[PDB]
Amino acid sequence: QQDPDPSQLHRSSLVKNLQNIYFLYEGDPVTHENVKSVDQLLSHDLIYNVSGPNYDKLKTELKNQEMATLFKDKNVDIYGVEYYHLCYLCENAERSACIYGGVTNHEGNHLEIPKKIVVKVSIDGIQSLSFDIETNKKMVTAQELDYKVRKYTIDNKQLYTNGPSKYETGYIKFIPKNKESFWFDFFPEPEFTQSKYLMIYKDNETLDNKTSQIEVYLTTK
């Protein structure tokens, strides 16, 4: 998925209700360890009886029925950026949260020593700096890492606010060692929803954290 050409990046200043992007990235992510599914709603999601602040039932929509049946009877670890508005999990659940992807096998995936990852960060075409992020998994979802990056960038250089952004465009690029690199745009469409926007994590793309690489590109104005 070679890189976006300028015109291909969503312009933050046309976005309406941009704060709903901020709330996803400024808050805490959903994280659970050594859990196993207890039901599913469609054939391509799995439902977990886990709890966090604001929820006690968590649904994740994966790539298709084959990925879901895969993880269904497996103890896994989860790390997702959740939403509530338009989250659908069970007719009787009043405190549910939803994510896409963020699923990995627990058995064996744990790192005693946490791998630190360099985040090369560019602005208006020049590298302005970098920062490290850390993960405890040998094989991590690209989602878990895109979040740690945006959370840091939000609180350190105001990537998102409860309001307008400073940057016009932005995307994060995951350059695996092995195949095709791939990117995510930091801004949604003018009129969007948190659930449609997060579909970027639905592919459950997981990648070797010792070998991969992370680049971020932003523009001002």
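Sequential numbering from 1, following the sequence displayed.
Across the two stretches, 117 to 125 and 86 to 94, the PDB entry reports the greater mean Cα temperature factor for 117 to 125. For the pair 187 to 195 and 159 to 167, the mean B factor over Cα atoms is greater in 159 to 167. Based on the entry's C-alpha B-factors, the most elevated value among 111, 149, 99, 142 belongs to 111. For the set 28, 180, 66, 39, the maximum C-alpha B-factor listed in the entry falls on 180.
Ranked within its chain, residue 12 lands in the middle third, by CA B factor from the PDB record.
Among all modelled residues in its chain, residue 175 ranks in the highest third by Cα B-factor. When the modelled residues of the chain are ordered by C-alpha B-factor, residue 133 sits in the highest third.
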